[PDB]
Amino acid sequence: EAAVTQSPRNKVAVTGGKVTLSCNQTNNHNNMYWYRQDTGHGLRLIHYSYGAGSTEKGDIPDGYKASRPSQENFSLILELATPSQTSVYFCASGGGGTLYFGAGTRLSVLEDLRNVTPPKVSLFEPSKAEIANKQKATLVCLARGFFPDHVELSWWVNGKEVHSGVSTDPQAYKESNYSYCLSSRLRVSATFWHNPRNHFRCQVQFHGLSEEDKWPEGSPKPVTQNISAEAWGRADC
């Protein structure tokens, strides 16, 4: 086998909430660890275990509890979540030597849940100028107004997910104190853009509240959802 899986991958919590991050490995490794990555600190060890049934504290164990129920499971329990705990958490399993990692869990612990807002995604069309001189067409997608920045932007052409030619921002930028933005380019050939049968779609999967979760406001619950903007190729002359 080959796997270390974290869940949930994304999470929004309120100050004082209970959060449990899970990790399951199909490596039989005796060791498991929980780290948090933060700008200016790289990865810092929180807790770890040398074997099923036992827990050992890492360097910054305050605020977190760990629990290794069996060989392949290692959980981090933030009993009373605090804003300082919003971070990207990584789980790893290890056989005395090199560590095998998970994909990460994005966690936001808010003082006020009502700051959670989904994005508005806009699809800007290719410049005719660029098209004329370069025979290439850059479609740029722009998502804005989303508070948690737990999102993934994708491109779909004629129903199939596209990778060649795309370049989206590696990190969402904050455009206000509780609002983020993210962009992406999809450059195609003028020939391809000029075909009216070609259907372009910029998707942005937003991770927000769960159906369970209480929403303390008279507005739509900002639940997890996909939001898209699309366009079709245009003929020319």
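Just count from 1 along the sequence shown to find any residue number.
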Inset, instruction - Averaging the C-alpha B factors as listed in the entry, name the stretch that ends up higher: 71-79 or 100-108. - result: 71-79
Legend entry - Between 218-226 and 9-17 (mean CA B-factor, as deposited), the higher: 9-17
Inset, instruction - Among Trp34, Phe206, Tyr50, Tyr173, single out the one with the highest C-alpha B factor in the record, please. - result: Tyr50
Inset, instruction - Among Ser154, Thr138, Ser93, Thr86, single out the one with the highest C-alpha B factor in the record, please. - result: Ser93
Inset, instruction - Grab the CA temperature factor for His199 from the record and place it in the lowest, middle or highest third of its chain. - result: middle
Inset, instruction - Tell me, lowest, middle or highest third: where does the Cα B factor of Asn133 rank within its chain? - result: highest
Inset, instruction - Could you look up the Cα B-factor of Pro126 in the entry and say which third of the chain it sits in: lowest, middle or highest? - result: middle
Inset, instruction - Please rank the C-alpha B-factors of the chain's modelled residues and tell me whether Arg144 sits in the lowest, middle or highest third. - result: lowest
Inset, instruction - Could you tell me which third, lowest, middle or highest, the C-alpha B-factor of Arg114 occupies within its chain? - result: middle
